[PDB]
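Starting off, we have a lone chain in the form deposited in one PDB entry, written out as structure tokens.
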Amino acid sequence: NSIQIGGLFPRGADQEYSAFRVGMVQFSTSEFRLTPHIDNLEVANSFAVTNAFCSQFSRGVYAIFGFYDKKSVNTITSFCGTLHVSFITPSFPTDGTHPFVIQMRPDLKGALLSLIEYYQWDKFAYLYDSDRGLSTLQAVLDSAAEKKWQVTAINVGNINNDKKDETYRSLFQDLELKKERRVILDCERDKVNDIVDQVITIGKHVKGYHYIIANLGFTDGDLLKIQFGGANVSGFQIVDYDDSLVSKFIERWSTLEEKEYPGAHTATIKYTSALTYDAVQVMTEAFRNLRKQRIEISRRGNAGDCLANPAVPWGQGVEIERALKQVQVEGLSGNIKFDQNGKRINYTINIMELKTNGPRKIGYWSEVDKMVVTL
């Protein structure tokens, strides 16, 4: 039983679509499947997002997988709320309780603020990118007010690539006057690399310094540069490579034709792709649960247009949203459970350090228990 599906993918994201296709083949079955209609665009152009979302809505899509950026959150969430159309994302979780939006990415503030307390930090810088909102920045500042921390928050997201070299050096020159030996690099993979490649040049990767990479993908970057400098490097990873499902997936991943699955050959997998794969699993589980439960989901006719006065949402969307939120399965990221709001719960965020041998896990973190330490 084919169920129509929609897919949005940011321009220049090759690995994620490949993981989407791999998840399709893995979870596809004779009795059930998915028919995805794909669109590629610049997710930071709300106009393009609106056009794609409306086109897919006209194409009678029951749910829409996709990504979004800080300049397209509100458009997407409003459209989903008005049209009662679901949305499944591995992108940053909303700073709210927006409905009809399932979020596959776990929050990070809890683990970050626990880790900063497992190290007894009082005076640290906080380099942040102007993306995925400033929710974690605000959390850090608030906990500073409570705990009398000394935070130097600096933005690096408005730096021109052409003149990148001059600014970073002056930034660290400023930080040196305060003896800022501790830093939190709250940025995506690319800018973390572009910064680590300028800590090295100025020799600030040495015994004295400590870096915390506030990202759910720690290995994703290039850490072979700083393994040996002598400086600490801490971070978080949801994809545990010492697991069974993960190892089997890697067996299927490395043995992949990069001519067909770009990014697939490498042994590493980025958390966005992992969450995309788990998202395919989520959709299949929810839709198959609907089929078993006999819930009636079918578009008898045509959804005229996204823009229609008055807006007339089709009333089976609540069923789809409830099914998507009411699914409990294991996957690459770990255990996937949702709330009535869509945010994930009952998840474990493994913590990692950098050692000359390589990254090694030292503990984990769960919302219920605490920061937990094993090694």
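Shifts are known only where both forms have a C-alpha. Whichever C-alpha set is largest while still superposing within 1.5 Å between the two forms counts as the rigid core. For every residue, the number given is its place in the sequence shown, counted from 1.
Beyond the structure shown, there is the form deposited in another entry, which is absent from this document and is the topic of what follows.
Tell which of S78, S244, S170, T255, after superposing on the rigid core, has its C-alpha displaced by 2 Å or more between this form and the one not shown, please.
Result of the comparison: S170.
Has the Cα of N161 moved 2 Å or more between this form and the one not shown, judged after a core fit?
It does, since the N161 C-alpha is displaced 2 Å or more between this form and the one not shown after the core fit.
Moving stretches between this form and the one not shown on a rigid-core fit: which runs of at least three residues all have C-alpha shifts of 2 Å or more?
After superposing the rigid core, the only shifted stretch between this form and the one not shown is 159-171.
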